[PDB]
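Note that ligands are numbered from 1 as they come in the structure, with each ligand's atoms numbered from 1 the same way. For the single chain, residues carry numbers from 1 onward in sequence order.
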Amino acid sequence: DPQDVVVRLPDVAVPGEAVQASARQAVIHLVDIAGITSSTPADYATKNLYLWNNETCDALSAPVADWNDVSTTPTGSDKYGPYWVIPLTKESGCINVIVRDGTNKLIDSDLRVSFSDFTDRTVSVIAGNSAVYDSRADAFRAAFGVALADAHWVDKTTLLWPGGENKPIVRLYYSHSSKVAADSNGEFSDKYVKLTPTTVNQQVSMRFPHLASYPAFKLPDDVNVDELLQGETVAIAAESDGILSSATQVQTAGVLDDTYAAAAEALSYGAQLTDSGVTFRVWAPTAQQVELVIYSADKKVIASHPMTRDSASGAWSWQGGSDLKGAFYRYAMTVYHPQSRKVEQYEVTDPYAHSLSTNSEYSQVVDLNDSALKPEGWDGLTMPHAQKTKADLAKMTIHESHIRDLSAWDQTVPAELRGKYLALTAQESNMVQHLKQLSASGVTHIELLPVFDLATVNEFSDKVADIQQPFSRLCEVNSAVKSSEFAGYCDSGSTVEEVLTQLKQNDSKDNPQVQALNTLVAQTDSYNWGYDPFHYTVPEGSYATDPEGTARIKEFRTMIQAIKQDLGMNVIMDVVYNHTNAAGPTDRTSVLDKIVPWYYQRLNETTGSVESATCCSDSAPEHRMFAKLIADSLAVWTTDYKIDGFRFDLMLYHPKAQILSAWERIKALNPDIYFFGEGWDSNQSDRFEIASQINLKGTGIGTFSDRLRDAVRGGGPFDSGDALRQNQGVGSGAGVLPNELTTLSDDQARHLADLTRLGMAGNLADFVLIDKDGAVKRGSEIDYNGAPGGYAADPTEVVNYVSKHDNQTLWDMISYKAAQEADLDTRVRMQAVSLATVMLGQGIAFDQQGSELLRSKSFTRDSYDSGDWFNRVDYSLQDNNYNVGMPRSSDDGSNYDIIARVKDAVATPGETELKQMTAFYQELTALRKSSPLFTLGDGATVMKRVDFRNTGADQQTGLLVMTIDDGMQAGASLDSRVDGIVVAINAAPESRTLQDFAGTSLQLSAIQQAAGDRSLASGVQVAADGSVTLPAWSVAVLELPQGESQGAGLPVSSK
Ligand SMILES: OC[C@H]1O[C@H](O[C@H]2[C@H](O)[C@@H](O)[C@@H](O[C@H]3[C@H](O)[C@@H](O)[C@@H](O[C@H]4[C@H](O)[C@@H](O)[C@@H](O)O[C@@H]4CO)O[C@@H]3CO)O[C@@H]2CO)[C@H](O)[C@@H](O)[C@@H]1O
Ligand SMILES: [Ca+2]
Ligand SMILES: [Ca+2]
Ligand SMILES: [Ca+2]
Ligand SMILES: [Ca+2]
Ligand SMILES: [Ca+2]
């Protein structure tokens, strides 16, 4: 433009160091940005440092310990500001600094100047900035160069940025090929688009509520966003004299959606078999170039095809021969990445990959419909359990499982199928026969921990050593062991398993040697939960016998087929769309963020950094093209792999609307698909309505309930130390069998029982019960740590559980909490009593694999990387993996003392207890499915039929008494054998007698009668007059038999 100002640096040299510290000295410069804008020489007499020694930093020699002393004035100064020479007692360590003008802080942050990061002890700072810089030049270019990324190009014409508020020059500079910066003289010569102040739209406000308080700026209606977005984009502000105010990078995901998403959403992505051949398509609306690289089976480039860019969508496409089926491929990108600030060139696998090479290095063209990739009969495979009505869904009884947890240890699984999808076909193995038994008794669904492509297992078998293999193999592949306390064992000729067993002997809270070795094993074994997504829509390769190419696809479907057809269970998949394993332009597992940088990840609105609140690299499902990729992904798992439902990890990091959108999309494919998820944190309500327990009321989207879970288990997931033992649950005898440490009051115990009863009636917000004080309360009025307790509209929106893959197993919680006088048999009943609140409740029942086997992880709280050793499940029923070493010290170190106290209170369960627990478990699940009354499905039907006795301040503590009405009132006899059901769970050491049903013709269920001495109700007595005496630690299911007509049943009372 002819006129208008040239934005430029301050006309002054980039400063050097004023002085350098000598011995026993440190030096601090204050780079006076405002006085570098010159005119008069500023005066620095009022500048002073406050300097003091504490315990973290003690290197100062003459620190003044009086805040009102402003005498530590600059040693000298020049045009760039003052500096201080600080005497020291030493040259290592650190010093504490506060920079002041008088007693006012110019930097409102205690400065830790550590001579480790700063070898020459000569640092610089700027006012209003907590950063400690290496040199005055660095600090100067921080102030007068591009920093952060707080500008937000949110649609075509709207740009939000605080740094340009009320300032004369505000513009959007850009360079196709290089990083915007001042030129040889000192001016910003690059092209720009001028910005005018404006007011945020109602659509920008609705779209980005967490930004609607940013100062808004308008772009020319004719601006060419295609060209701007090709390279680095940098918003700049400047004074009247053209001096640079601030300059920041731009986040563009808003405008990318405004510009391209409408067109890009109508397209299909990945390597797609058609009639004419194969269409490749990838979305890369900012890339300068995309070439499709075709690879031979041995990974030699055999063709390279520049792709065609569609300017409306920003998608790139290429069409080739149908002979490309089976070919490996990547996308060679030429694309600017805001994090590196450079135009990167790298090859990336397809985010829409549906097949992969070993370890996910290349994607592969595949037609998932090929009969070659299907087990015989696949096309006719049906769901063994219905999921159509709410009553169908309430029957769901989930068994949460992991591919290695299932088979890694089962000697009766062929050695080569161990830890593999195909282990589920080993029809005579202990593991599969055990699962068949569980299914026959009423476990209806297997939920699989991550079986999409995860990043954290090396699928090259030659770089892996598992504990069943020689210890010398572990030394080969894990160079770290050779320099470790176990190095002597490389010669042993014994397996790692055999070694770890020997380490149990001397293992203790002082000598945690089992865990010490296992930490090394964990680095290079085959084991991980897998919450670490590499590709969302390919199976994991390490669980295939052959991870190269398409074999894993047929092996996966063969597993799926055996579960439905041979075990008789539906399959749920854990999915993890809330984060990616990595982001940025360099990491091997950064896929989405290499192709469309800063679009698929959720970013800090100020720094532009990829957030990590999930654990890892947070994703952005509020962005339209990630929403599409999620829905497309689930479509494949639904249709091509016949997955019956999905559990979303950290679902509350997703918009409610996005999750409902994905659900309507998938229901168009199969109406019976069930969606549910877990969540507690997020802190994303500022950006959108999150998909949380509270917000999902009425949607039919299920959520894990932590209410009954914590009431029955006791305590909470963040307890540590003695609190693990004091915070007894209903299942472990809160109030009624106190241990030596607890101070649980009767009121507290009765509070837990309110939460438990609420959960057994499906945790509905509007269920009305009598609370711990005899007060009438709606479910939402029962407190849960501040939140409303009951939150749902139907029991099918609530997933009850008392054990899960994450946090301590149920058995380990009982071991922490059970009084010394509870013997081994009483603790087994505690496990069953605990599980009974889930299995006999109206919420969907969920449980961890092996709870029927008293599963233990040796007190490990978080076993995601704790290997075969601590996650062992022994389907030969020799033990429950209890007491196999102290858990990992890095996470449970603070628990070693309480563990040592409690650990050896009773014997370790052996085969007798394991068989007894399993019978108890099957008894519970056979009861759950013995009557429609347990699984009403609909929350209004729950309210009209479900009540509780033994409530109020004078209840018998720990006795849970639920009634389910099948009588003349409420409605019709959904159950032709009974007019009502009584569920009684006597979680207490005393025998108890019920009088609430005197004269009523009550009788024990046939299932519990059949089990005889093995029943949870063994010893129950029903007297002639209908009074019922319940043993200690018992579970009893009673029914009023039904006559030629429908009896009066157990009418609910209007409270
Ligand atoms: O070597 C001693 C300590 O020196 C430094 O502490 C400084 C602070 O940085 C100054 O800000 C100030 O502290 C004020 C404080 O800001 C003021 O609010 C008030 O503190 C209140 C406090 O708000 C309130 O929560 C409650 O605790 O009452 C306090 C007073 O009892 O008063 C303070 C005194 O001026 O001055 C101190 C000087 O000691 C340095 O930051 C420390 O790390 C260091 O240990
Ligand atoms: Ca230096
Ligand atoms: Ca993998
Ligand atoms: Ca591992
Ligand atoms: Ca935020
Ligand atoms: Ca009936």
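- Counting non-hydrogen atoms of other residues, nucleotides and ligands closer than 6.0 Å to CZ of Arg112 gives a total of 12 or fewer.
- A salt bridge links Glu91 with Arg121: at least one charged nitrogen is closer than 4.0 Å to a carboxylate oxygen.
- Checked against the 6.0 Å centroid criterion, the rings of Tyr536 and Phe534 do not qualify as a close aromatic pair.
- In summary, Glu540 and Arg552 do not engage in a salt bridge, as defined by a charged side-chain N under 4.0 Å from a carboxylate O.
- Protein atoms that are N, O or S and lie under 3.0 Å from the Ca ion (ligand 3) are these: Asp453 OD1, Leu454 O, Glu459 OE2, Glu540 OE1.
- Electrostatic pairing of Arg136 and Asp78 counts as a salt bridge here, judged by a charged N lying under 4.0 Å from a carboxylate O.
- In this model, no donor atom of one side chain and acceptor atom of the other lie less than 3.5 Å apart for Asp649 and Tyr531.
- At a cut-off of 3.0 Å, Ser526 does not coordinate the Ca ion (ligand 4) through any N, O or S atom.
- The distance from the Ca ion (ligand 4) to the nearest N/O/S atom of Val521 is not under 3.0 Å.
- Judged by distance alone, the side chain of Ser360 and the main-chain N or O of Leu356 form no donor-acceptor pair under 3.5 Å.
- The pair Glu548-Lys299 counts as a salt bridge, with a side-chain nitrogen and a carboxylate oxygen less than 4.0 angstrom apart.
- A salt bridge does not link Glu361 to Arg588: none of the charged side-chain nitrogens sits closer than 4.0 Å to a carboxylate oxygen.
- Taking 4.0 Å as the cut-off between side-chain N and carboxylate O, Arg861 and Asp806 do not count as a salt-bridged pair.
- The count of protein N, O or S atoms under 3.0 Å from the Ca ion (ligand 2) stands at 1, with waters excluded from the count.
- Take the N/O/S atoms of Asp525: the one nearest the Ca ion (ligand 4) is OD1.
- Using a 4.0 Å cut-off between charged side-chain N and carboxylate O, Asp812 and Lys857 make no salt bridge.
- Residue-level check: among N/O/S atoms of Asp865, OD1 sits closest to the Ca ion (ligand 4).
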